[PDB]
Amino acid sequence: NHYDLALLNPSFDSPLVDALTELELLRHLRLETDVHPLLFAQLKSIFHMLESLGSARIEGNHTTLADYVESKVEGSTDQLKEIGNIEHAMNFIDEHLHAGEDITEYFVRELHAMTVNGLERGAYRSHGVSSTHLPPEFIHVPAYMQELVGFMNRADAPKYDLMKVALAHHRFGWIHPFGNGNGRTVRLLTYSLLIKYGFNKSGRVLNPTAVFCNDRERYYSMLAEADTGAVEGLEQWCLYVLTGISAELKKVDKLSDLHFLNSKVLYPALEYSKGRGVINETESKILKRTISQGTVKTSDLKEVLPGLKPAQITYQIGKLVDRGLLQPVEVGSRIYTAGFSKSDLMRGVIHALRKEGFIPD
């Protein structure tokens, strides 16, 4: 323990306490949303894709949003699989914590195993360091991992939950537990800690990478100050992380407002899609009704398409479902919602999300 892993204790006059209470406001926020949960579910799928892209690109991945979206909608390369690996790792974190299970040391192992060989067929490093910090000896690593896992799972006061997310993030990289994939794994572990401590009481997307994708140079420069183990360096790291998380939830919480989502994302997405000839005006009219009402039936469009014969309206619904633009709410249901996550409307949504300032590149 060049430095013992312990909780911090700033004075009330410190800016660290300022950021801690700030981020505790957004955790206890009792404001629910008016967005349909079936539309938010597709928004969460899109932002899982954005995080997987961002995390891999931090490690020098060359794939872009166009190439990844193209490989997902319709239609293999090695740089693509590294990214789908992270996407499977986020669904796993979601399902695992939703099933009621906890962040155990083996769960962190399964987290690392998927990040490197997603959905295929874990152990710590048996070698050593390849800055001004020396990763500990490979025989010390299991002890550090056990010391860290027990640290995050201690029943400390919920006021310490967000300081824990910061301390665990640096301590993980300070240990360097695995051979490769530490950067991708520590970001997935931060995501699970964010979900565990209560940021998803189902109307907010969490983008931890967007905090570190912002500056990158400050990210690693703050890690160096924390490597010392001195109180000043660790406090400066927790301030960088917690304020970065605060600024991120500031942005994503706008998508919780139904007016902001419809007017600045969903409705422009169709206008983009219609401008590009992806949908005609009859398909735009039907899809506009879907975002308004949440869902739609064929028997609902008798008045929104009054010049169309009833058989023509039924043909239009079948065309939309086969293309995935409309998707059924339940297996075998004839009640449909918009298809934003797996259809060509995803490009229009990414376009609106890009212009509204949610997507770097």
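Position 1 is the first residue in the sequence shown; the rest follow in order.
Visitor: Counting only residues of the deposited sequence, how many between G277 and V278 have no atoms in the entry (none, 1 to 3, 4 to 9, 10 or more)?
Guide: Unmodelled stretch: none, continuous chain.
Visitor: Should the segment between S246 and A247 be described as having none, 1 to 3, 4 to 9, or 10 or more unmodelled residues of the deposited sequence?
Guide: In the deposited sequence, nothing is left without coordinates between these two.
Visitor: Would you mind comparing 345-353 and 19-27 for me and telling me which has the higher average C-alpha temperature factor in the entry?
Guide: For C-alpha atoms only, the mean B-factor is higher in 19-27.
Visitor: Highest mean C-alpha temperature factor of the two stretches 132-140 and 286-294, which is it?
Guide: Here the higher of the two C-alpha B-factor means belongs to 132-140.
Visitor: With respect to the C-alpha temperature factors reported in the PDB entry, which of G183, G84, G100, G198 ranks highest?
Guide: The listed residue with the largest C-alpha B-factor is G198.
Visitor: When you compare the CA B-factors of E147, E74, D94, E105 as listed in the entry, which one comes out on top?
Guide: It is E74.
Visitor: Considering every modelled residue of the chain and its Cα B-factor in the PDB entry, is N117 in the lowest, middle or highest third?
Guide: It belongs to the highest third of the chain when residues are ordered by C-alpha B-factor.
Visitor: Among the chain's modelled residues, which third holds the C-alpha B-factor of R154?
Guide: It falls in the top third of the chain.
Visitor: Divide the modelled residues of the chain into thirds by Cα B-factor and specify which third, lowest, middle or highest, holds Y219.
Guide: Its C-alpha B-factor, which the entry lists for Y219, ranks in the highest third among residues of this chain.
Visitor: Once the chain's modelled residues are ordered by C-alpha B factor and cut into thirds, is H88 in the lowest, middle or highest one?
Guide: Answer is lowest: the recorded C-alpha B-factor places it there.
Visitor: State the tercile, meaning the lowest, middle or highest third, of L65 with respect to the CA B-factors recorded for its chain.
Guide: Middle third.
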